[PDB]
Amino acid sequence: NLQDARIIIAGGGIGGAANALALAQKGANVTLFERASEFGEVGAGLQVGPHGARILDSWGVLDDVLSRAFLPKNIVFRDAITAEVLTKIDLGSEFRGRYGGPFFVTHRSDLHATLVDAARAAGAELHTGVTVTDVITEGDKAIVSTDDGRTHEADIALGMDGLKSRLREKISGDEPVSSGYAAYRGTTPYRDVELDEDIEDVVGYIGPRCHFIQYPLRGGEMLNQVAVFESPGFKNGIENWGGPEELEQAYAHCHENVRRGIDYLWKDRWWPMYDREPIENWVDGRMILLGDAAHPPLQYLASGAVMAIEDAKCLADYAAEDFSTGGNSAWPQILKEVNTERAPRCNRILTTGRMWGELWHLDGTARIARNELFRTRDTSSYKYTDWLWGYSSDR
């Protein structure tokens, strides 16, 4: 356990919250600083595969999360132009038996609130309205500066300040890399959506330079919709690229089922999609970058928040194993071991994710090949998914 340890967490997104919970459950003294004046997340969906579900179950929060979630029966890929089913990933008992938990979907806001509530219940001292301005290592302590003029001492610090991380600048001068794709979201009352057939699955329509995803939320009561498309504005050097004037044309070549979808999306805000080139070293002295600060992906594998959750489980588990006997002196080794375990995993998701999205967005003959590949696969094989859903940090 981590009783005498002190950890400061910079950032209170899903990653920071998950880390607060994991560490506080091990008995650590956790202090978390979040810049925003309230904890919160977007009231739209995310997908959590069993690689995340199993961890939430270990922390004792999965039953509760599931009480407000949706359990899809399959992931269904469809051609965005013909609406033809290409393949399905079955999420039933064989799947859940293999991977140790369910694939579920839920509101980001709910998942976040649940983690925050559990972290507080486990003893984590959470602070909103507080920006971490600097982290340095002096001797065997991390010294953390905040925007009220104060400094704070801890054994380690977690840089969990997201894609646009300023703490990352301590380790890397790299900048976010534009995908040239923009994402729009929407949630609609289920019944309020015009559907030919009912939706009980995650449905992804994949087409030339675009995709469109639908899944239910909150026990079937709401439908989440997500449109991602290649922005003409980006390649022309627009700074505020991917705006909603681009949507109609981006989907004009698609099936009516996809086109009808566009009307339900929120249009007042959107998410231009950036990632970063993978980096091997996430550690500066007694600071480690985790979550999006370390490994921000494009969302095709729907695993960014899951990675941050996995980061929390690995850090907590590895620290509790080593700190118990080695104490505070052991932290730099612990952070090195966590980085060594996490970097190859996460970096593969970053790189493979890029290719996966590319595979979704193919056109012409390449699309014809892609479609046939999907249709004719061995659906009993797990070779495409075991590396993702079957991973564990347990040693």
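In case it trips you up, residue 1 is the first one in the sequence shown, and so on.
Stretches 309 to 317 and 166 to 174 differ in mean CA B factor, with 166 to 174 having the higher one. In this entry, 213 to 221 shows the higher mean Cα temperature factor of the pair 213 to 221 and 97 to 105. Take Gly291, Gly237, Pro272, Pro278 and read off each C-alpha B-factor from the entry; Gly237 has the highest. Highest CA B-factor among the listed residues (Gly204, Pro72, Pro296, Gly139): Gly139.
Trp360 sits in the lowest third of its chain by CA B factor, as recorded in the PDB entry. Among all modelled residues in this chain, the alpha-carbon of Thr187 has a temperature factor (C-alpha) in the highest third.
When the modelled residues of the chain are ordered by their C-alpha B factor, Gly243 lands in the highest third. Compared with the other modelled residues of the chain, the Cα B-factor recorded for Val193 ranks in the highest third.
Placement of the Cα temperature factor of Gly149 within the chain: highest third of the modelled residues, per the deposited record.
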